[PDB]
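>>> In their complex positions, the first chains:
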Amino acid sequence: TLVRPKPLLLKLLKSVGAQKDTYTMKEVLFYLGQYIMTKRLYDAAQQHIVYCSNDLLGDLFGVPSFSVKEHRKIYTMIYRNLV
């Protein structure tokens, strides 16, 4: 089943090329991954940590940083931004 992103998540996915209004979780994760790489939000010395405190992604997820190794927490954060 497709999901519908809330307006701010949708803005972020659109900034990396997404064109739809509805997505699979696989597509949201992909785009979110592209976004973090493009804006260089990961620590280049400690790659599993994403520092989003001064970025839109911080506003979206409500956290200053997060770990890519904490899979359950990433999905929780994404889910709050889906209808």
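Here it is on my side, so go on. Numbering: from 1, shown residues only, chains lettered A, B, ... in the order given.

>>> what's the burial count for residue A:50?
22 (other C-beta atoms under 10 Å). C-beta coordinates here come from the backbone N, C-alpha and C atoms, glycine included.

>>> part of a helix, is it?
No: looking at residue A:50 with DSSP: H, G, I helix; E, B strand; the rest coil, it is strand, so not inside a helix.

>>> Over to the most centrally placed residue in chain A. Which of the three states is it?
Closest to where the C-alpha atoms of chain A average out (C-alpha atoms, centre = their mean) is residue A:32, at 3.8 Å. When classified by three-state DSSP, residue A:32 comes out as helix.

>>> and the closest residue to residue A:25 other than its chain neighbours, how many neighbours does it have?
Computed as C-beta to C-beta, 6 or more residues apart in numbering, the closest residue to residue A:25 that is not its neighbour in sequence is residue A:3, at 6.6 Å. Residue A:3 has 16 neighbours, counted by other C-beta under 10 Å.

>>> out of everything not next to it in sequence, what's closest to residue A:68?
Setting aside the residues directly before and after it, residue A:68 is nearest to residue A:48 in space (C-beta to C-beta, 6+ apart), at 4.9 Å.

>>> one more chain, chain B:
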Amino acid sequence: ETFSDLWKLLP
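That brings us to chain B, laid onto the chains above:
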């Protein structure tokens, strides 16, 4: 451990 590799392990 690279971001790209590690992110691909989410699903």
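
>>> The neighbour count of residue A:50 again, this time with chain B added?
Around residue A:50 there are 24 other residues, counting by other C-beta atoms under 10 Å in any protein chain shown.

>>> is the host helix or strand of residue A:8 anywhere near chain B?
Using DSSP states H and E, residue A:8 sits within helix A:7-14. No: against chain B, helix A:7-14 shows no contacts by C-beta under 8 Å from any C-beta of the partner chain, the least distance being 15.3 Å.

>>> hmm, back to that, check contacts around the residue nearest to the centre of chain A.
The neighbours of residue A:32, taking C-beta atoms under 8 Å, 6 or more residues apart in numbering or on different chains as the test, are A:12-13, A:78.

>>> Show the buried residues in those.
By neighbour count, with 16 or more other C-beta atoms under 10 Å in any protein chain shown, the contacts of residue A:32 hold A:12-13, A:78 as buried.

>>> Can you redo the residues you listed as a markdown table, where the extra columns are distance to residue A:64?
What follows is the buried ones among the contacts of residue A:32, written out as a markdown table (distance: C-beta to C-beta, whole Å):
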| residue | distance to residue A:64 |
| --- | --- |
| A:12 | 17 |
| A:13 | 22 |
| A:78 | 17 |
